[PDB]
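Colleague: Before anything else, here's the structure in question.
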Amino acid sequence: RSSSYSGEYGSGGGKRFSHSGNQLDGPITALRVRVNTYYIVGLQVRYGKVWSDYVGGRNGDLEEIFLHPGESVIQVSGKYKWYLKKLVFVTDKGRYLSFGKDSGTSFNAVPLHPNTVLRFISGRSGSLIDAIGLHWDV
Ligand SMILES: [Cl-]
Ligand SMILES: [Cl-]
């Protein structure tokens, strides 16, 4: 199998979410991360031309970054406690797309198999992002 999964990173709070179906819309083209003083509050990912359903809460400022045509995420690092605190999306164009506060238990996610990239994300959410998982594929 070429697919692999990294996670789950964070806690057991909130409720499961998965962008598993969203990969049919296209590759990841953009990121939205809502961030407050201490946490990652909310997440949205654009697959092809279509934004995912917003997950997480409302108490924070929206940060939004668009990817270049053909730009793929090849690594994701971050930090968490009871809730997700930081996220860094490392792309194959050498960009490091960083969100949130540099504190907590660190993680460092890389794809298991040859020539795979970030295809979708899952995790847990409520008023914040409780946990995140990364799904790698061709
Ligand atoms: Cl799983
Ligand atoms: Cl949209």
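Identifiers in this document derive from the order of the structure tokens: chains are assigned A, B, ..., residues are numbered from 1 separately in each chain, and ligands are numbered from 1 in order of occurrence.
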Neighbours of ligand 2 within 10 Å, counting only C-alpha atoms and all ligand atoms, as a ChimeraX atom specification?

Modeller: /A:45-53

Colleague: Residues within 9 Å of ligand 1, counting only C-alpha atoms and all ligand atoms: report them as number ranges by chain.

Modeller: A: 5-8, 133

Colleague: Excluding same-chain residues fewer than 6 positions from residue A:78, what lies within 8 Å of it counting only C-alpha atoms, as a list in words?

Modeller: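 Residues meeting the cut-off are residues 84, 85, 86, 87, 88, 106, 107 and 108 of chain A.
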
Colleague: Mind writing the picked residues with N, CA, C and O atoms as a PDB file, in the first residue's frame?

Modeller:
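Final output, saved to selection_16.pdb:
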```pdb
ATOM      1  N   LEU A  84      -4.464  21.066  20.280  1.00  0.00           N
ATOM      2  CA  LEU A  84      -3.443  21.400  19.292  1.00  0.00           C
ATOM      3  C   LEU A  84      -3.016  22.855  19.452  1.00  0.00           C
ATOM      4  O   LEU A  84      -3.852  23.731  19.629  1.00  0.00           O
ATOM      5  N   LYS A  85      -1.714  23.102  19.382  1.00  0.00           N
ATOM      6  CA  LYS A  85      -1.164  24.423  19.662  1.00  0.00           C
ATOM      7  C   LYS A  85      -0.397  25.049  18.493  1.00  0.00           C
ATOM      8  O   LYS A  85      -0.453  26.263  18.294  1.00  0.00           O
ATOM      9  N   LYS A  86       0.315  24.222  17.730  1.00  0.00           N
ATOM     10  CA  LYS A  86       1.117  24.694  16.611  1.00  0.00           C
ATOM     11  C   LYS A  86       1.094  23.706  15.445  1.00  0.00           C
ATOM     12  O   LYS A  86       0.970  22.496  15.653  1.00  0.00           O
ATOM     13  N   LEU A  87       1.224  24.238  14.229  1.00  0.00           N
ATOM     14  CA  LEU A  87       1.308  23.435  13.009  1.00  0.00           C
ATOM     15  C   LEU A  87       2.263  24.066  12.010  1.00  0.00           C
ATOM     16  O   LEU A  87       2.162  25.258  11.727  1.00  0.00           O
ATOM     17  N   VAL A  88       3.188  23.270  11.480  1.00  0.00           N
ATOM     18  CA  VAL A  88       4.056  23.702  10.393  1.00  0.00           C
ATOM     19  C   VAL A  88       3.915  22.747   9.198  1.00  0.00           C
ATOM     20  O   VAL A  88       4.203  21.555   9.307  1.00  0.00           O
ATOM     21  N   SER A 106       5.890  18.256  21.166  1.00  0.00           N
ATOM     22  CA  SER A 106       6.165  18.346  19.739  1.00  0.00           C
ATOM     23  C   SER A 106       5.924  17.021  19.003  1.00  0.00           C
ATOM     24  O   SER A 106       6.054  15.940  19.576  1.00  0.00           O
ATOM     25  N   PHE A 107       5.551  17.119  17.731  1.00  0.00           N
ATOM     26  CA  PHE A 107       5.492  15.954  16.855  1.00  0.00           C
ATOM     27  C   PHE A 107       6.065  16.311  15.492  1.00  0.00           C
ATOM     28  O   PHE A 107       6.201  17.483  15.150  1.00  0.00           O
ATOM     29  N   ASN A 108       6.407  15.284  14.725  1.00  0.00           N
ATOM     30  CA  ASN A 108       7.076  15.456  13.450  1.00  0.00           C
ATOM     31  C   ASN A 108       6.652  14.325  12.527  1.00  0.00           C
ATOM     32  O   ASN A 108       7.086  13.180  12.688  1.00  0.00           O
TER      33      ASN A 108
END
```

Colleague: Please provide as number ranges by chain all residues within 10 Å of residue A:89, with the sequence filter that same-chain residues fewer than 2 positions apart are discarded (counting only C-alpha atoms).

Modeller: A: 31, 72-78, 87, 91, 95-99, 109, 118

Colleague: Could those selected residues go to a file with C-alpha atoms, as a PDB file, in the first residue's frame?

Modeller:
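Saved file again-v8.pdb follows:
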```pdb
ATOM      1  CA  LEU A  31      -5.023  26.349   4.260  1.00  0.00           C
ATOM      2  CA  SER A  72       2.562  19.608  -2.178  1.00  0.00           C
ATOM      3  CA  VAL A  73       2.946  19.248   1.605  1.00  0.00           C
ATOM      4  CA  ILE A  74       5.672  16.640   2.311  1.00  0.00           C
ATOM      5  CA  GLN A  75       6.071  17.068   6.105  1.00  0.00           C
ATOM      6  CA  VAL A  76       3.963  18.349   9.009  1.00  0.00           C
ATOM      7  CA  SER A  77       5.311  19.221  12.433  1.00  0.00           C
ATOM      8  CA  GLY A  78       3.470  20.670  15.402  1.00  0.00           C
ATOM      9  CA  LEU A  87       1.308  23.435  13.009  1.00  0.00           C
ATOM     10  CA  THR A  91       6.100  21.945   1.146  1.00  0.00           C
ATOM     11  CA  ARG A  95       8.116  26.679   2.175  1.00  0.00           C
ATOM     12  CA  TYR A  96       7.419  26.337   5.895  1.00  0.00           C
ATOM     13  CA  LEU A  97       3.831  27.378   6.604  1.00  0.00           C
ATOM     14  CA  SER A  98       3.643  27.951  10.345  1.00  0.00           C
ATOM     15  CA  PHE A  99       0.601  28.540  12.551  1.00  0.00           C
ATOM     16  CA  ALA A 109       5.125  13.658  10.752  1.00  0.00           C
ATOM     17  CA  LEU A 118      -0.446  15.177   2.190  1.00  0.00           C
TER      18      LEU A 118
END
```

Colleague: Please identify which residues in chain A DSSP calls helix (DSSP H, G or I) from the backbone, and express them as a VMD selection string.

Modeller: chain A and resid 20 to 25

Colleague: Write the residues of the selection above to a file with C-alpha atoms, as a PDB file, in the first residue's frame.

Modeller:
```pdb
ATOM      1  CA  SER A  20     -11.458  11.649   3.629  1.00  0.00           C
ATOM      2  CA  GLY A  21     -14.038  12.354   0.887  1.00  0.00           C
ATOM      3  CA  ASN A  22     -12.606  15.795   0.106  1.00  0.00           C
ATOM      4  CA  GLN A  23      -9.553  14.431  -1.775  1.00  0.00           C
ATOM      5  CA  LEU A  24     -11.913  13.736  -4.723  1.00  0.00           C
ATOM      6  CA  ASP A  25     -12.285  17.526  -5.131  1.00  0.00           C
TER       7      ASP A  25
END
```

Colleague: Mind checking DSSP for stretch 17-134 of chain A and telling me the strand (DSSP E or B) residues as a ChimeraX atom specification?

Modeller: /A:17-18,28-35,40-47,50-51,55-56,61-66,73-80,84-91,96-100,105-109,117-125,129-134

Colleague: Go ahead and write the selection's residues with C-alpha atoms as a PDB file, in the first residue's frame.

Modeller:
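Result saved to result29.pdb:
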```pdb
ATOM      1  CA  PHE A  17     -13.752  14.840  11.790  1.00  0.00           C
ATOM      2  CA  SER A  18     -12.286  13.517   8.542  1.00  0.00           C
ATOM      3  CA  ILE A  28      -4.735  20.666  -1.304  1.00  0.00           C
ATOM      4  CA  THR A  29      -4.512  24.208  -2.676  1.00  0.00           C
ATOM      5  CA  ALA A  30      -4.972  26.348   0.462  1.00  0.00           C
ATOM      6  CA  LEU A  31      -5.023  26.349   4.260  1.00  0.00           C
ATOM      7  CA  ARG A  32      -7.106  28.203   6.808  1.00  0.00           C
ATOM      8  CA  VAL A  33      -6.071  28.018  10.459  1.00  0.00           C
ATOM      9  CA  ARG A  34      -7.879  29.995  13.178  1.00  0.00           C
ATOM     10  CA  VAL A  35      -5.512  30.769  16.053  1.00  0.00           C
ATOM     11  CA  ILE A  40      -5.298  26.182  17.145  1.00  0.00           C
ATOM     12  CA  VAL A  41      -8.994  27.071  17.268  1.00  0.00           C
ATOM     13  CA  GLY A  42     -10.211  25.894  13.867  1.00  0.00           C
ATOM     14  CA  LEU A  43      -9.226  24.410  10.530  1.00  0.00           C
ATOM     15  CA  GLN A  44     -10.321  24.506   6.917  1.00  0.00           C
ATOM     16  CA  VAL A  45      -8.558  22.964   3.904  1.00  0.00           C
ATOM     17  CA  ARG A  46      -9.197  23.725   0.201  1.00  0.00           C
ATOM     18  CA  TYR A  47      -9.191  20.610  -1.989  1.00  0.00           C
ATOM     19  CA  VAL A  50     -13.572  23.567  -2.867  1.00  0.00           C
ATOM     20  CA  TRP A  51     -13.113  24.493   0.811  1.00  0.00           C
ATOM     21  CA  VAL A  55     -14.112  22.514  11.885  1.00  0.00           C
ATOM     22  CA  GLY A  56     -13.345  23.916  15.336  1.00  0.00           C
ATOM     23  CA  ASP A  61      -8.096  35.094  14.205  1.00  0.00           C
ATOM     24  CA  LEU A  62      -8.265  33.422  10.803  1.00  0.00           C
ATOM     25  CA  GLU A  63      -4.946  32.858   9.057  1.00  0.00           C
ATOM     26  CA  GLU A  64      -5.094  31.836   5.415  1.00  0.00           C
ATOM     27  CA  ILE A  65      -2.370  30.708   3.006  1.00  0.00           C
ATOM     28  CA  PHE A  66      -2.728  29.605  -0.630  1.00  0.00           C
ATOM     29  CA  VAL A  73       2.946  19.248   1.605  1.00  0.00           C
ATOM     30  CA  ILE A  74       5.672  16.640   2.311  1.00  0.00           C
ATOM     31  CA  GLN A  75       6.071  17.068   6.105  1.00  0.00           C
ATOM     32  CA  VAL A  76       3.963  18.349   9.009  1.00  0.00           C
ATOM     33  CA  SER A  77       5.311  19.221  12.433  1.00  0.00           C
ATOM     34  CA  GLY A  78       3.470  20.670  15.402  1.00  0.00           C
ATOM     35  CA  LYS A  79       2.841  20.893  19.131  1.00  0.00           C
ATOM     36  CA  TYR A  80      -0.065  20.023  21.420  1.00  0.00           C
ATOM     37  CA  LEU A  84      -3.443  21.400  19.292  1.00  0.00           C
ATOM     38  CA  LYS A  85      -1.164  24.423  19.662  1.00  0.00           C
ATOM     39  CA  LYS A  86       1.117  24.694  16.611  1.00  0.00           C
ATOM     40  CA  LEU A  87       1.308  23.435  13.009  1.00  0.00           C
ATOM     41  CA  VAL A  88       4.056  23.702  10.393  1.00  0.00           C
ATOM     42  CA  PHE A  89       3.309  22.533   6.832  1.00  0.00           C
ATOM     43  CA  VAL A  90       6.549  21.876   4.929  1.00  0.00           C
ATOM     44  CA  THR A  91       6.100  21.945   1.146  1.00  0.00           C
ATOM     45  CA  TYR A  96       7.419  26.337   5.895  1.00  0.00           C
ATOM     46  CA  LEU A  97       3.831  27.378   6.604  1.00  0.00           C
ATOM     47  CA  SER A  98       3.643  27.951  10.345  1.00  0.00           C
ATOM     48  CA  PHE A  99       0.601  28.540  12.551  1.00  0.00           C
ATOM     49  CA  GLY A 100       0.180  29.063  16.293  1.00  0.00           C
ATOM     50  CA  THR A 105       4.524  18.291  23.184  1.00  0.00           C
ATOM     51  CA  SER A 106       6.165  18.346  19.739  1.00  0.00           C
ATOM     52  CA  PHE A 107       5.492  15.954  16.855  1.00  0.00           C
ATOM     53  CA  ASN A 108       7.076  15.456  13.450  1.00  0.00           C
ATOM     54  CA  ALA A 109       5.125  13.658  10.752  1.00  0.00           C
ATOM     55  CA  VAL A 117       2.276  13.830  -0.108  1.00  0.00           C
ATOM     56  CA  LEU A 118      -0.446  15.177   2.190  1.00  0.00           C
ATOM     57  CA  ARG A 119      -3.806  14.211   0.664  1.00  0.00           C
ATOM     58  CA  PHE A 120      -6.181  14.983   3.535  1.00  0.00           C
ATOM     59  CA  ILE A 121      -6.369  15.599   7.275  1.00  0.00           C
ATOM     60  CA  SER A 122      -8.500  14.234  10.081  1.00  0.00           C
ATOM     61  CA  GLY A 123      -8.691  14.728  13.836  1.00  0.00           C
ATOM     62  CA  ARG A 124     -10.979  15.820  16.655  1.00  0.00           C
ATOM     63  CA  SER A 125     -12.652  19.187  17.170  1.00  0.00           C
ATOM     64  CA  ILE A 129      -8.819  21.510  17.605  1.00  0.00           C
ATOM     65  CA  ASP A 130      -8.396  18.650  20.069  1.00  0.00           C
ATOM     66  CA  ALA A 131      -6.297  16.437  17.807  1.00  0.00           C
ATOM     67  CA  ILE A 132      -4.996  16.106  14.232  1.00  0.00           C
ATOM     68  CA  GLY A 133      -3.908  13.311  11.916  1.00  0.00           C
ATOM     69  CA  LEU A 134      -2.178  13.487   8.561  1.00  0.00           C
TER      70      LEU A 134
END
```

Colleague: Which one of A:116, A:103, A:27, A:37 sits closest to residue A:70 if you count only C-alpha atoms?

Modeller: A:27

Colleague: If we count only C-alpha atoms, what is near residue A:2 at a cut-off of 7 Å, once residues fewer than 4 positions away on the same chain are taken out, given as a list in words?

Modeller: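 Contacts, in chain order: residues 113, 137 and 138 of chain A.
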
Colleague: Counting only C-alpha atoms, figure out which residue out of A:69, A:104, A:57, A:114 gets nearest to residue A:9.

Modeller: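 Of A:69, A:104, A:57, A:114, the one nearest residue A:9, counting only C-alpha atoms, is A:104.
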
Colleague: Atom CA of residue A:92 and atom CA of residue A:60, how far apart in Å?

Modeller: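 Separating atom CA of residue A:60 from atom CA of residue A:92 is a distance of 28.9 Å.
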